Asker: 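Handing you a structure now.
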Amino acid sequence: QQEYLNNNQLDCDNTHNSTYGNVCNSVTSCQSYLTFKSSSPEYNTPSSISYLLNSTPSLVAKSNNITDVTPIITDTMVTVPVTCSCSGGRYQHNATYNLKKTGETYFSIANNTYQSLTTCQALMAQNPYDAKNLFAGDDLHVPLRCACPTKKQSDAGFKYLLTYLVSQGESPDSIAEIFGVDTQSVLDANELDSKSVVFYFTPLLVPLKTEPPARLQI
Ligand SMILES: *[C@@H]1O[C@H](CO)[C@@H](O[C@@H]2O[C@H](CO)[C@@H](O[C@@H]3O[C@H](CO)[C@@H](O)[C@H](O)[C@@H]3O)[C@H](O)[C@H]2NC(C)=O)[C@H](O)[C@H]1NC(C)=O
Ligand SMILES: *[C@@H]1O[C@H](CO)[C@@H](O[C@@H]2O[C@H](CO)[C@@H](O)[C@H](O)[C@H]2NC(C)=O)[C@H](O)[C@H]1NC(C)=O
Ligand SMILES: *[C@@H]1O[C@H](CO)[C@@H](O)[C@H](O)[C@H]1NC(C)=O
Ligand SMILES: *[C@@H]1O[C@H](CO)[C@@H](O)[C@H](O)[C@H]1NC(C)=O
């Protein structure tokens, strides 16, 4: 279980503990997954998506049953295998991001470029630049959100946790059905209950019993 981000990442001045990352509460390192929506023309191949998220093109290709050079149709949600590890008391998967345009902000990088796979708060905490001193060509340390199954989750049969970018219309019920797991396992993984509002566009942890399906929309 990890705290649910609960839209606290939408205000860069918000200081809720969840915004600085999942908490290191299990094994120091594990295999994990992110999700990411293909974006044309910059992030729509295994090469460019892996470059943004620090995976490998072969891992992205195999995870989605495509080749490592296959163009991915815009808005397709793909799975991205990554190593999740503990750093500074948090679980995260490191990536590096070079700003392309002077005008990009900590928030635009977290919310738009990385599709809320990281937060403004974690970016600011792990980079030296002032929010008013970012220029094209600056490299950012990007702490992508992932977690490793706790002992209790492992004992329940979950081999991985997957960081799931919730889309319009989706619910814990419908997301659990994609991965063939119980709705209650999804709720428990995020410390939610059936009355909790699950926000669109905010990452949600999904515990997995096996590797994710190659196509999420099936
Ligand atoms: C992902 O990124 C984090 C930082 O966000 C890396 O954490 C780093 O952890 C190492 C290991 O303790 C720290 O190294 C220490 O640093 C000093 C030099 O500053 C040196 O005396 C020693 O080598 C000492 O171990 C390091 O401080 C820390 N980095 C930061 C920026 O705080 C982590 O290793 C990264 N993980 C992966 C898998 O890339
Ligand atoms: C942060 O990102 C989200 C996308 O995850 C943006 O949400 C959009 O909101 C507008 C209305 O303001 C909708 O028309 C779009 O459909 C939403 N996006 C998606 C992908 O569905 C949001 O605008 C971003 N916030 C900022 C301040 O840039
Ligand atoms: C936030 O969490 C950290 C460790 O995850 C802890 O040291 C700190 O006390 C927490 N802060 C609050 C306000 O609960
Ligand atoms: C991969 O794609 C092939 C051909 O489209 C399909 O028959 C096969 O079942 C897929 N494999 C997996 C593991 O999804």
Side-chain angles (χ1 to χ4, degrees), residues 2-32 34-40 42-44 50-56 59 73-78 80-97 99 101 103-129 131 134 138-148 150 163-171 175 190-191 197-205 216-217:
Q2 297 281 349
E3 291 188 349
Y4 179 51
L5 194 49
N6 208 33
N7 267 8
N8 290 311
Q9 83 278 7
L10 296 189
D11 174 9
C12 287
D13 292 325
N14 179 299
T15 55
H16 274 67
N17 222 308
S18 64
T19 68
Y20 301 104
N22 291 310
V23 173
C24 178
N25 60 9
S26 192
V27 298
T28 59
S29 185
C30 71
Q31 296 182 351
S32 191
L34 312 177
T35 48
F36 181 84
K37 264 177 189 192
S38 181
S39 175
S40 178
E42 297 183 348
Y43 303 115
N44 61 3
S50 178
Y51 178 61
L52 180 68
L53 303 174
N54 190 25
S55 186
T56 77
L59 286 166
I73 290 175
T74 308
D75 292 330
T76 306
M77 167 128 296
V78 296
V80 182
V82 300
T83 298
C84 198
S85 64
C86 293
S87 300
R90 306 285 170 166
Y91 275 128
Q92 61 189 232
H93 169 71
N94 297 344
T96 304
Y97 177 76
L99 273 69
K101 294 171 182 180
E104 289 187 67
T105 62
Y106 277 125
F107 186 75
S108 77
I109 295 170
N111 189 68
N112 300 338
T113 305
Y114 278 96
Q115 306 182 6
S116 293
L117 293 168
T118 192
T119 62
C120 185
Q121 293 91 340
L123 283 172
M124 294 184 299
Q126 307 190 207
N127 286 281
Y129 314 99
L134 291 170
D138 289 338
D139 279 326
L140 292 191
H141 191 67
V142 181
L144 297 165
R145 293 178 67 89
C146 61
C148 297
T150 60
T163 299
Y164 191 82
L165 299 184
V166 175
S167 283
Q168 270 270 178
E170 297 192 290
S171 60
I175 296 167
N190 298 275
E191 303 172 8
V197 173
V198 172
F199 294 102
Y200 303 144
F201 320 127
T202 290
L204 188 75
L205 285 171
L216 295 184
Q217 205 176 226

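Both ligands and their constituent atoms are indexed starting at 1 by order of listing. By convention here, the first residue in the shown sequence is residue 1. Computation of the quantities below employed the complete heavy-atom set of this structure, encompassing side-chain atoms and omitting hydrogens, waters and symmetry-equivalent molecules.
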Asker: Ignoring hydrogens and geometry, is there a side-chain-to-backbone donor-acceptor pair from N54 to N94 under 3.5 Å?
Answerer: yes

Asker: So which heavy atom in the protein is nearest atom 3 (C) of ligand 3, and how far is it from that ligand atom?
Answerer: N17 ND2, 3.6 Å

Asker: With disulfide bond (SG atoms under 2.5 Å apart) as the test, would you mind laying out the steps for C148 and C30 before giving the verdict?
Answerer: CA-CA 6 Å; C148 297; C30 71; 2.0 Å; yes

Asker: Is atom 23 (O) of ligand 2 near the protein, in the sense that some protein heavy atom lies at less than 4.0 Å from it?
Answerer: no

Asker: Is atom CD of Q31 surrounded by more than 12 heavy atoms (other residues, nucleotides or ligands) closer than 6.0 Å?
Answerer: no

Asker: Kindly indicate whether atom 27 (C) of ligand 2 is approached by any protein heavy atom to under 4.0 angstrom.
Answerer: yes

Asker: Which of the numbered atoms in ligand 1 are below 4.0 angstrom from a heavy atom of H141?
Answerer: 1 (C), 2 (O), 3 (C), 4 (C), 5 (O)

Asker: For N112, which part has a heavy atom under 4.0 Å from ligand 2: side chain, backbone, both, or neither?
Answerer: side chain

Asker: Using a 4.5 Å cut-off on heavy atoms from C-beta on, say whether the side chain of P143 contacts that of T118.
Answerer: yes

Asker: Measure the acute angle between the ring planes of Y97 and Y114, then classify it against the limits of 30° and 60° as parallel, tilted or perpendicular.
Answerer: perpendicular

Asker: Could you tell me whether atom 31 (C) of ligand 1 has a protein heavy atom closer than 4.0 Å?
Answerer: no

Asker: Regarding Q2 and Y91, is there a side-chain donor-to-acceptor distance under 3.5 Å anywhere?
Answerer: no

Asker: What do you think, any protein heavy atom under 4.0 angstrom from atom 8 (C) of ligand 1?
Answerer: no

Asker: Among all the protein's non-hydrogen atoms, which is closest to atom 2 (O) of ligand 2, and how far away is it?
Answerer: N111 ND2, 2.3 Å

Asker: Ignoring hydrogens, tell whether any protein atom lies closer than 4.0 Å to atom 16 (O) of ligand 1; use the non-hydrogen atoms only.
Answerer: no

Asker: Strictly inside 4.0 angstrom of atom 14 (O) of ligand 3, do you find any protein heavy atom?
Answerer: yes

Asker: Out of all atoms in ligand 1, which are within 4.0 Å of some heavy atom of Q126? Include the element for each.
Answerer: 5 (O)

Asker: Could you check whether any side-chain N or O of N127 sits under 3.5 Å from a backbone N or O of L123, counting only pairs where one atom can act as donor and the other as acceptor?
Answerer: yes

Asker: What do you think, any protein heavy atom under 4.0 angstrom from atom 14 (O) of ligand 2?
Answerer: no

Asker: Closer than 4.0 angstrom: is that true for some heavy atom of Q92 and an atom of ligand 1?
Answerer: yes

Asker: Below 4.0 Å, non-hydrogen atoms only: which portion of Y200 touches ligand 2? Side chain, backbone, both or neither.
Answerer: neither

Asker: Is the shortest distance from atom 8 (C) of ligand 2 to a protein heavy atom below 4.0 Å?
Answerer: no

Asker: Answer yes if a protein heavy atom lies under 4.0 Å from atom 35 (C) of ligand 1, otherwise answer no.
Answerer: yes

Asker: Under 3.5 Å, is there a donor on one side chain and an acceptor on the other for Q115 and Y43?
Answerer: no

Asker: Is atom 11 (C) of ligand 2 in close reach of the protein, with a heavy atom under 4.0 Å away?
Answerer: no

